[PDB]
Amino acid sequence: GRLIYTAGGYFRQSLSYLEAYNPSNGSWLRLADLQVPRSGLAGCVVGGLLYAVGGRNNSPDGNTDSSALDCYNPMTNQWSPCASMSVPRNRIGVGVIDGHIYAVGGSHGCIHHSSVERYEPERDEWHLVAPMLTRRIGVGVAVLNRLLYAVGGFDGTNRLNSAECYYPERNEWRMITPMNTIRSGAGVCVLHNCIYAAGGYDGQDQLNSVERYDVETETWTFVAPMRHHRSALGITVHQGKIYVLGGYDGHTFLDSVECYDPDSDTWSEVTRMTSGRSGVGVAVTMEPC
């Protein structure tokens, strides 16, 4: 069986929680805390290992943007540090291609990054690649057909509807069709041949809307909206279903977890996180042992 892992997040301050949800039975496990609290991080999995990337420790005793990469092994229930990134990246996006981790955008204080770097687990090494055409924090990232997409975000001045694609063999970014909605701090993932962008902040409101980009038609189509408006949500795919976790609706740090069934085009309440939080990192791997 495989679990949905949520790492870190924010409520009152940045959080160190690592908790795993089992869609088969509805259960939550609390697992080993992150060594350093962090919100605005991303999660990913490579070789059955869970990685937590970037973020920020918003704490009463100060605010520290994170360049950290840390690895969680479900077999041992232990976190280990990996090589740090070139730069702190709060409100980061990440994607995995061919066993490598791409770290995209994010902020360091008032620095809004367009830079991108790639981590190679085999060598515990980061290397910068071509920067994006746009500065993007709160950027959504997904991978389809070994191409990397950076979607929406905030450039330091404006929230963005724009999106762009990275072609690894050309080390080159190109713009794609923009979304039909401005979205910053959305959830972005892949399902089938489509990039989905769920929720976000448009500069005025948290969004419940959801749209998807078909790489073959180069067009975005709205699907059914989520049951909750949310920015700074976590998102993942577990057995062909999209799950969204937490976020902020303009009133409450949400504990709501919803899942999308593409065949019926419906969103369902699935479970509640143990506590409301925004800006988590989320990914899916094996059960501890």
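For every residue, the number given is its place in the sequence shown, counted from 1.
- With 59-67 and 46-54 compared on mean CA B-factor from the PDB entry, the stretch scoring higher is 59-67.
- As listed in the deposited structure, the average C-alpha B-factor of 173-181 and of 134-142 is greater for 173-181.
- Of all the options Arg89, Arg212, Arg118, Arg123, the entry's greatest CA B-factor is assigned to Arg123.
- Across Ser162, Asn208, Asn158, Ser107, the entry's maximum B-factor at the CA atom is seen for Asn158.
- Sort the chain's modelled residues by C-alpha temperature factor and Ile4 lands in the middle third, per the entry.
- When the modelled residues of the chain are ordered by C-alpha B-factor, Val284 sits in the middle third.
- For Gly26, the recorded CA B-factor ranks within the highest third of the chain. Only modelled residues enter the ranking.
- In the deposited entry, the Cα temperature factor of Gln35 places it in the highest third of its chain's modelled residues.
- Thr221 sits in the middle third of its chain by CA B factor, as recorded in the PDB entry.
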